[PDB]
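# Structural overview
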Amino acid sequence: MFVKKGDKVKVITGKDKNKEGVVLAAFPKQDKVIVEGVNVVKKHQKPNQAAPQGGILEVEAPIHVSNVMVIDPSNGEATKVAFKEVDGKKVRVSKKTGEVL
Amino acid sequence: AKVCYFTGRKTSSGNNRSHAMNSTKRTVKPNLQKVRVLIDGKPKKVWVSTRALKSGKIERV
RNA sequence: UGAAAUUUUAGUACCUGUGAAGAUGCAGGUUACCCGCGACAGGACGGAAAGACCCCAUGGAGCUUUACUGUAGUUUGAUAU
RNA sequence: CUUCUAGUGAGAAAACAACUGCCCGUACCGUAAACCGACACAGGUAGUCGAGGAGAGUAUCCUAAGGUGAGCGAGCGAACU
RNA sequence: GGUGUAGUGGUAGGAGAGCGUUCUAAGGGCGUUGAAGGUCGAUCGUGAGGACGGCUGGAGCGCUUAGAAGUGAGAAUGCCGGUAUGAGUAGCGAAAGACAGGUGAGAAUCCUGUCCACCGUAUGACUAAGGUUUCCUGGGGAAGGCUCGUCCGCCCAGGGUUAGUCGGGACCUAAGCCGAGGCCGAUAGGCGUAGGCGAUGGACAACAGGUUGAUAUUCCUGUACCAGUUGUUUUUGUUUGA
RNA sequence: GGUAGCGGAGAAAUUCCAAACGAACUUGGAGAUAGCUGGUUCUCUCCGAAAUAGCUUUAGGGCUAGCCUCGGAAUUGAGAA
RNA sequence: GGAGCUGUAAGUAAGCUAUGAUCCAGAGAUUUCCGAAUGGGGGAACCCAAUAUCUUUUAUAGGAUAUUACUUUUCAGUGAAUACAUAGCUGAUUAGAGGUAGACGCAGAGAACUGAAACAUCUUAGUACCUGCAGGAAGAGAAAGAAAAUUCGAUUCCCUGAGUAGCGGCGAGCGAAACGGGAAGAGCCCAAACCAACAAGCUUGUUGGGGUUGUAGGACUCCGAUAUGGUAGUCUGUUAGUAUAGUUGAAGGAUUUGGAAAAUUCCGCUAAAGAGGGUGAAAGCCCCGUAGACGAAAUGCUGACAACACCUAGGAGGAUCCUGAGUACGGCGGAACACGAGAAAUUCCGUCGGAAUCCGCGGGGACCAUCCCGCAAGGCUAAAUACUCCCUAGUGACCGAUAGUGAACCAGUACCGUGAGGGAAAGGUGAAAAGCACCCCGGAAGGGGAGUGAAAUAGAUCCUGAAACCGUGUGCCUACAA
Ligand SMILES: [K+]
Ligand SMILES: [K+]
Ligand SMILES: [K+]
Ligand SMILES: [K+]
Ligand SMILES: [K+]
Ligand SMILES: [K+]
Ligand SMILES: [K+]
Ligand SMILES: [K+]
Ligand SMILES: [K+]
Ligand SMILES: [K+]
Ligand SMILES: [K+]
Ligand SMILES: [K+]
Ligand SMILES: [K+]
Ligand SMILES: [K+]
Ligand SMILES: [K+]
Ligand SMILES: [K+]
Ligand SMILES: [K+]
Ligand SMILES: [K+]
Ligand SMILES: [K+]
Ligand SMILES: [K+]
Ligand SMILES: [K+]
Ligand SMILES: [K+]
Ligand SMILES: [K+]
Ligand SMILES: [K+]
Ligand SMILES: [K+]
Ligand SMILES: [K+]
Ligand SMILES: [K+]
Ligand SMILES: [K+]
Ligand SMILES: [K+]
Ligand SMILES: [K+]
Ligand SMILES: [K+]
Ligand SMILES: [K+]
Ligand SMILES: [K+]
Ligand SMILES: [Mg+2]
Ligand SMILES: [Mg+2]
Ligand SMILES: [Mg+2]
Ligand SMILES: [Mg+2]
Ligand SMILES: [Mg+2]
Ligand SMILES: [Mg+2]
Ligand SMILES: [Mg+2]
Ligand SMILES: [Mg+2]
Ligand SMILES: [Mg+2]
Ligand SMILES: [Mg+2]
Ligand SMILES: [Mg+2]
Ligand SMILES: [Mg+2]
Ligand SMILES: [Mg+2]
Ligand SMILES: [Mg+2]
Ligand SMILES: [Mg+2]
Ligand SMILES: [Mg+2]
Ligand SMILES: [Mg+2]
Ligand SMILES: [Mg+2]
Ligand SMILES: [Mg+2]
Ligand SMILES: [Mg+2]
Ligand SMILES: [Mg+2]
Ligand SMILES: [Mg+2]
Ligand SMILES: [Mg+2]
Ligand SMILES: [Mg+2]
Ligand SMILES: [Mg+2]
Ligand SMILES: [Mg+2]
Ligand SMILES: [Mg+2]
Ligand SMILES: [Mg+2]
Ligand SMILES: [Mg+2]
Ligand SMILES: [Mg+2]
Ligand SMILES: [Mg+2]
Ligand SMILES: [Mg+2]
Ligand SMILES: [Mg+2]
Ligand SMILES: [Mg+2]
Ligand SMILES: [Mg+2]
Ligand SMILES: [Mg+2]
Ligand SMILES: [Mg+2]
Ligand SMILES: [Mg+2]
Ligand SMILES: [Mg+2]
Ligand SMILES: [Mg+2]
Ligand SMILES: [Mg+2]
Ligand SMILES: [Mg+2]
Ligand SMILES: [Mg+2]
Ligand SMILES: [Mg+2]
Ligand SMILES: [Mg+2]
Ligand SMILES: [Mg+2]
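Judging from the entry metadata, cryo-EM is the method by which this structure was determined, and 2.9 Å is the reported resolution.

Counting secondary structure elements, chain B contains 1 helix and 4 strands. The secondary structure elements of chain B, listed N-terminal to C-terminal, are β-β-β-β-α. Over its C-alpha trace chain B gives a radius of gyration of 16 Å, far above what one expects of a compact globule, namely 10 Å for 61 residues. Projected onto its principal axes, the C-alpha positions of chain B cover 55 × 25 × 15 Å. As presented, chain B carries roughly 4900 Å² of accessible surface, and 49% of it is formed by carbon and sulfur atoms.

This part is about the pattern of salt bridges. All names here are of chain A. In total, this model carries 3 salt bridges over all chains according to the counting rule given. In this structure, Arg92 and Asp7 form a salt bridge, with 3.2 Å as the shortest nitrogen-oxygen distance. Of this pair, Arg92 sits in strand β10 (residues 89-94) while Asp7 is found in the segment before β1 (8-11), placing the two residues 85 residues apart along the sequence. What makes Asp7 buried here is its relative accessible area of 14%.

All names here are of chain A. Taken in spatial order, the 6 strands line up as β6-β3-β2-β1-β7-β8 in an open sheet, and their pairing is antiparallel. Strands at the two margins of the open sheet, each flanked by one partner only, are β6 (63-64) and β8 (78-79). For β1 and strand β2 (residues 20-27), the ladder comprises 3 bridges, and the chain directions are antiparallel. Counterpart to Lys8 in the pairing with β2 is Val22.

Moving on, we get to the protein's contact with RNA strand C. All names here are of chain B. Taken together, the residues surrounding RNA strand C are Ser18, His19, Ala20, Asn22, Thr24, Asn31, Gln33, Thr50 and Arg60. Sugar plus phosphate, as a fraction of atoms of RNA strand C within 4 Å of the protein: 83%. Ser18 places a side-chain nitrogen or oxygen 3.2 Å from a sugar or linking oxygen of RNA strand C. Between a base nitrogen of RNA strand C and a side-chain N or O atom of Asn31, the distance comes to 3.2 Å.

Cut-offs applied
- Residues numbered from 1 in each chain as written, not as in the entry; some residues may be left out.
- Chains lettered and ligands numbered in written order.
- Part of a larger assembly, values for the part shown.
- Heavy atoms only, no water.
- Helix = DSSP H or I, 4+ residues; strand = E, 2+ residues; numbered from the N terminus.
- Rg over C-alpha atoms; globule rule 2.2 N^0.38 Å.
- Areas by Shrake-Rupley, 256 points an atom, 1.4 Å probe, with all protein chains shown as cover.
- Salt bridge = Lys/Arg side-chain N within 4 Å of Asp/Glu carboxyl O.
- Buried < 20%, exposed > 50% of the residue type's maximum accessible area, 1.4 Å probe, protein only.
- Pairing = 2+ DSSP bridges.
- Near = heavy atom within 4 Å.
- Polar contact = N/O pair within 3.5 Å; in protein donor to acceptor, adjacent residues only side chain to side chain.

Here it is in structure tokens:
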């Protein structure tokens with residue numbers, strides 16, 4: 001996937017549009033990703049998971065990868081990603097600035 | 001099988017044609033005869049057609 | 001606890017008559033308050049089975065014989081071996 | 001398996017002690033609710049044992065050992081079958 | 001287009017002109033401000049049929065012109081599915097159960113007890129086939145059980161079959177079958193000798209008791225037997241040789 | 001264990017051959033053939049029969065003609081009353 | 001290739017991974033047992049062996065490894081009746097068995113219903129089925145041909161000839177070929193004469209040379225050339241390309257509705273990319289892609305280049321020799337040719353008889369003469385052609401869950417049958433499980449709240465939710481009516 005675990009991304013579509021967060025987990029097979037504090041859901045858990053209250057837990061659910069854009073770390077803006085080989089290493093580059101990653 | 005050892009003549013099928021031209025399948029056989037012949041220098045009894053023997057070129061040991 | 005055959009829709013009487021000539025349903029008349037339960041089997045030409053009887057189809061099948069035409073076998077001759 | 005020689009033969013036999021002996025089946029039903037009958041089906045299912053009194057008897061009636069009370073019942077006590 | 005005159009029942013059937021369905025092309029449109037579809041309405045046309053509203057629905061679909069067809073159903077004892085009628089009707093499949101106590105949300109039906117009753121050349125006890133886990137233990141009551149069910153040959157989870165001697169194989173053969181070579185034969189193959197396979201038969205060494213919830217001539221205790229190996233000892237034979 | 005469908009087996013009944021045997025069952029030829037029965041789906045407009053002759057292994061089938069429909073040609077107008 | 005991964009498949013549990021995992025492609029290792037199954041047996045997936053080596057035990061028992069079917073080829077040894085021999089037997093060696101792709105090809109064997117409005121000749125039809133053999137194609141093929149325009153010059157297949165000529169209870173029906181136009185194209189080897197050698201018994205077999213044909217050729221004899229060209233050969237390399245993973249690949253933000261924007265509105269931008277798919281509704285510019293550019297360690301495939309290899313002679317003479325025999329052909333009986341015995345050629349089978357050979361032989365639809373054309377009884381041969389179980393990439397006025405494969409789903413399954421065999425049903429929550437914590441009635445099931453959600457009358461029998469059918473409520477009517 002053009003996005004990777006731990007990247008800073010911007011949500012471009014969905015109820016959480018314009019939110020930003022770090023990628024907590026990636027699912028290449030599903031082409032989905034989890035962004036902290038994004039797409040939070042209330043889940044009615046039984047107390048069977050070492051939680052002696054069950055309660056209504058809050059957890060981020062995955063969103064489709066195409067609904068996010070990687071944050072240009074040097075500029076802080078969302079950008080599309082090109083692939084340029086630098087020093088013999090294939091790396092991502094911000095099309096808006098040319099910055100790496 | 002029942003095959004002429006030298007010419008390969010073998011049973012085939014033919015037709016019986018009555019005066020009314022009714023057709024029924026029949027078997028037509030060659031005139032094979034058991035004959036003691038020298039194959040590769042050793043005598044053996046094999047089926048041979050009278051036609052093959054006719055020329056006299058077939059050994060009759 | 002819980003089927004089935006049947007079933008065009010039916011608020012599904014009687015007599016005489018009529019009618020594809022034997023009507024619960026048509027005509028005239030008569031009788032009959034509404035809904036059931038236990039019984040009977042006259043009718044619904046009641047159900048079941050596209051009648052086996054009968055006739056027809058230039059249908060089928062099994063069988064018979066001095067039907068027709070063939071034929072396995074059996075036998076006789078010529079001829080080859 | 002027992003004998004006979006032919007062959008084969010340098011080891012044999014006895015007692016004693018210790019030791020070795022593989023694979024497959026082994027549950028359960030089996031005159032049945034577990035098998036053959038589409039069913040937890042009044043049918044069918046080879047062989048063995050199969051007691052006592054009266055009795056020729058494994059007949060018959062009632063019983064022993066043993067097994068079982070049958071997988072819808074409670075009333076009523078009409079016709080009809 | 002107007003007037004006039006005439007005509008306009010109809011099966012087989014001929015002719016003509018149309019409605020609607022799906023799809024293609026082009027153009028022009030409509031749709032989360034709600035498409036198709038469904039439902040209701042007192043709507044329009046001469047007919048097949050066409051709109052427009054309300055509700056439901058949640059993502060595709062009309063219109064015009066032309067094109068192509070799996071293009072229209074009410075009947076075929078039509079096929080498939082669903083649901084009726086008969087009807088809360090037939091039936092609930094040979095026979096004795098009663099009560100007390102217990103269990104449990106719930107008991108004619110499950111457990112325990114007592115009496116009663118039934119089979120007893122069997123409805124008892126063993127086994128072969130067949131079945132193939134139905135066996136035991138602990139749970140369950142959805143479905144199956146012709147009622148009920150706390151229960152079951154059901155469902156769920158664990159567990160259970162111990163052999164030198166029993167039956168079979170490492171033994172033997174019958175019928176029959178396979179069959180090196182071989183014989184015969186359009187092909188395929190058919191037949192068959194040697195040799196094999198093949199029990200329902202022949203041969204063949206262990207019994208008694210005990211033990212588990214479930215195995216027992218299999219495990220355990222006791223006491224055996226059969227085949228063989230090693231070793232100790234004892235006798236006797238080593239080639240006129242057991 | 002053996003005998004297998006153009007067959008087997010039959011103390012003989014057309015009797016049995018896997019719950020229908022005058023010729024098993026299954027698959028294929030195969031969508032056998034059926035002058036026979038049933039069925040064949042939207043609408044309106046115009047017109048509208050026949051159930052006869054002849055021949056037919058033909059008689060509830062078929063062919064030509066007669067009767068219906070659609071288009072066309074032409075006439076000294078030939079039709080009807 | 002570069003960050004997650006330990007399938008479906010959640011859940012735990014335990015782990016792996018920048019020392020590069022998972023994953024993708026090439027190559028290789030392992031690959032139990034049954035199955036042609038092949039050490040023997042057998043009721044498939046099991047049982048029991050022999051030989052040799054090794055292994056466990058003090059030893060027997062036990063375990064592992066290798067070999068051990070049958071037939072065919074070649075060789076060697078042994079070796080009967082029987083003397084030599086041969087047969088048998090043993091060993092070694094050789095290559096077959098079986099399965100397919102329900103297709104295509106060739107061959108052996110070969111129906112019936114049906115049609116003829118009956119039916120036997122005929123038709124269905126040399127079809128279905130069975131069996132054998134195959135190859136990627138097969139079959140055919142290098143004229144004893146087609147013709148008679150005067151000529152053509154192997155075979156195959158397409159168009160046409162033509163529903164013609166014909167065949168036919170002259171019925172029903174069956175039905176060509178040549179010419180002409182195209183696809184594709186390619187021609188070559190032996191036998192024989194004769195020569196050399198070898199071996200035995202002047203010929204007679206083996207070997208090599210020789211030679212290959214119809215305007216006759218060849219031998220043989222003379223001459224002259226030792227070249228010139230070609231190939232349908234090779235796991236021979238070298239080289240290129242290609243197949244099997246891949247890399248790169250442009251351009252959008254806002255505003256309105258909305259749970260969500262790709263929709264609406266406003267301004268932009270890209271295009272060798274406005275194919276397509278996905279993304280919370282309909283996206284050229286968000287993602288995967290597409291246009292385009294680039295890429296292979298390894299292994300195949302193709303093509304070139306080279307190498308090796310194999311073919312490749314002209315002229316003149318005929319004195320003599322050779323040019324495919326139980327053959328061609330004929331009688332009888334069948335069969336194939338569109339041609340059903342017919343006037344019937346031509347081709348083939350069985351049986352019997354049975355030639356010529358260059359002044360020769362065959363054919364030109366009985367047959368004869370003339371003329372023309374050809375040279376059988378030996379072999380091989382690519383391309384055009386047929387088919388698709390499979391693999392890759394796509395297409396569709398093709399289906400859209402009673403349709404489309406029987407099978408969109410754990411389908412040739414469940415189920416049925418002794419067996420061959422027959423053979424189903426069954427797709428859709430939501431954008432995302434966020435799959436209803438907690439409370440209440442109830443033993444549970446199931447409900448009512450409370451929650452999630454845009455929506456729960458989307459609650460898993462889950463999209464929509466028709467009709468039959470069943471029920472609740474009631475505005476009007478109904479107990480003298482056929
Ligand atoms: K009538
Ligand atoms: K009655
Ligand atoms: K009959
Ligand atoms: K046991
Ligand atoms: K007594
Ligand atoms: K007794
Ligand atoms: K009971
Ligand atoms: K009563
Ligand atoms: K009575
Ligand atoms: K509406
Ligand atoms: K119907
Ligand atoms: K019913
Ligand atoms: K009912
Ligand atoms: K229980
Ligand atoms: K034993
Ligand atoms: K026995
Ligand atoms: K009998
Ligand atoms: K085998
Ligand atoms: K195929
Ligand atoms: K026939
Ligand atoms: K007919
Ligand atoms: K060929
Ligand atoms: K034609
Ligand atoms: K005829
Ligand atoms: K040569
Ligand atoms: K997106
Ligand atoms: K798109
Ligand atoms: K390569
Ligand atoms: K002929
Ligand atoms: K000719
Ligand atoms: K010629
Ligand atoms: K819904
Ligand atoms: K009502
Ligand atoms: Mg009358
Ligand atoms: Mg009357
Ligand atoms: Mg009336
Ligand atoms: Mg009536
Ligand atoms: Mg009746
Ligand atoms: Mg009738
Ligand atoms: Mg037991
Ligand atoms: Mg019983
Ligand atoms: Mg008694
Ligand atoms: Mg009128
Ligand atoms: Mg539509
Ligand atoms: Mg239709
Ligand atoms: Mg219907
Ligand atoms: Mg009744
Ligand atoms: Mg009972
Ligand atoms: Mg008795
Ligand atoms: Mg039990
Ligand atoms: Mg229990
Ligand atoms: Mg019950
Ligand atoms: Mg024994
Ligand atoms: Mg045999
Ligand atoms: Mg043999
Ligand atoms: Mg014994
Ligand atoms: Mg027991
Ligand atoms: Mg009789
Ligand atoms: Mg019977
Ligand atoms: Mg046919
Ligand atoms: Mg009229
Ligand atoms: Mg690697
Ligand atoms: Mg074997
Ligand atoms: Mg006929
Ligand atoms: Mg091949
Ligand atoms: Mg891009
Ligand atoms: Mg836009
Ligand atoms: Mg012919
Ligand atoms: Mg002849
Ligand atoms: Mg000739
Ligand atoms: Mg010539
Ligand atoms: Mg070819
Ligand atoms: Mg289907
Ligand atoms: Mg549907
Ligand atoms: Mg189906
Ligand atoms: Mg709704
Ligand atoms: Mg629904
Ligand atoms: Mg009154
Ligand atoms: Mg009143």
